[PDB]
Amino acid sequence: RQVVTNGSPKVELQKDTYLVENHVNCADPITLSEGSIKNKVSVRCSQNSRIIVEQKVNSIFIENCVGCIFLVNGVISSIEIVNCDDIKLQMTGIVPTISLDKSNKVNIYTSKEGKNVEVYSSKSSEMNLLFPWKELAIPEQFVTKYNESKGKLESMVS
């Protein structure tokens, strides 16, 4: 599946966000050397590229990337992945929250320190958490049934 770019390859800081965009079939990683806990990293519109984020940042946003590989230190808040297919994500350090949405074939490789990661997922398929490699599948099917004696829906992993 082919991403449609919106301009040239870029990496650049606007306000407090490092915007990484339109990287296609690169034979060399794109490395983010800089940026602190104050920055967000937004990676959009890329295919068959590797992106390395060296510094621990506030949050990473990855949207509309396909066949990409990410190596990251960690984040203060979260990593948000939306509408990506065939993504690999590895952490050096700590990532407390990860969110998957409308995405398929995402492999998340944790670190010793950050095994406790919370993964939110919706409308996503073929998702794996990997502990140092122990491969656990994130469920993608649920069952809901009405609790009459309590007037609410109750849901469970199927």
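In case it trips you up, residue 1 is the first one in the sequence shown, and so on.
Going from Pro132 to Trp133, the model skips 4 to 9 deposited residues, which lack coordinates. Here the stretch with the larger average CA B-factor, out of 102 to 110 and 27 to 35, is 27 to 35. Highest C-alpha temperature factor among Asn116, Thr97, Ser125, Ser42, as the PDB entry reports it: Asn116. In the deposited entry, the Cα temperature factor of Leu13 places it in the highest third of its chain's modelled residues. Per the PDB record, residue ranking by Cα B-factor puts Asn64 in the middle third of the chain. The deposited CA B-factor of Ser49 belongs to the highest third of values across its chain.
Annotation for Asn22: C-alpha temperature factor in the middle third relative to the rest of the modelled chain, per the entry. Ranked by C-alpha B-factor against the other modelled residues of its chain, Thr144 falls in the lowest third.
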